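Shown next, in structure tokens, is the structure this report addresses.
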Amino acid sequence: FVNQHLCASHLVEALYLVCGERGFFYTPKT
Amino acid sequence: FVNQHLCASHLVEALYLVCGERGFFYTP
Amino acid sequence: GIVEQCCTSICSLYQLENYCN
Amino acid sequence: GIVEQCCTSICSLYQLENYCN
């Protein structure tokens, strides 16, 4: 079954995808 | 003029109110 | 996330609620 | 933040999306 947690590079790559032209702040600490 | 920003303790307080018994994670 | 969204900028109720859990 | 919502726990698309901007 696919592991459903999104972590580390997979998490940044997901934001990149879903945000599109809006872009995003990636801030892992907080 | 009146401020609509929620920052610091005001932000934590806003999460405490809207989240209610669901709770919430917060880190400054 | 929440600070950029609600503190630097202004957020709506459902944006704030999406941080609960 | 995003690590607790989406990495430690499992987030919805809208929760993930709430992190854009």
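Labels used: A, B, ... for chains in the order of the structure tokens, numbers from 1 for residues in each chain, and numbers from 1 for ligands as shown.
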Next item on the list: Using only C-alpha atoms, select each residue of chain A with any atom at most 7 Å away from an atom of chain D, and give the selection as a ChimeraX atom specification.
Entry: /A:4-7,18-19,22-25,28,30
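For chain D, a DSSP pass over the backbone yields alpha helix (DSSP H) at residues 2, 13, 14, 15, 16 and 17 of chain D.
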If the cut-off is 9 Å, can you tell me the residues of chain B near chain D, counting only C-alpha atoms? I'd like them as a PDB file with C-alpha atoms, in the first residue's frame.
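The file below, part.pdb, is the result:
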ATOM      1  CA  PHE B  25       0.054  21.859  17.084  1.00  0.00           C
ATOM      2  CA  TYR B  26       1.945  25.183  17.282  1.00  0.00           C
ATOM      3  CA  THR B  27       5.610  26.234  17.128  1.00  0.00           C
TER       4      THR B  27
END
Notebook entry, point to check: Could you work out how far CA of residue 29 (chain A) lies from CA of residue 15 (chain A), giving the answer in Å with one decimal?
Noted result: 16.0 Å
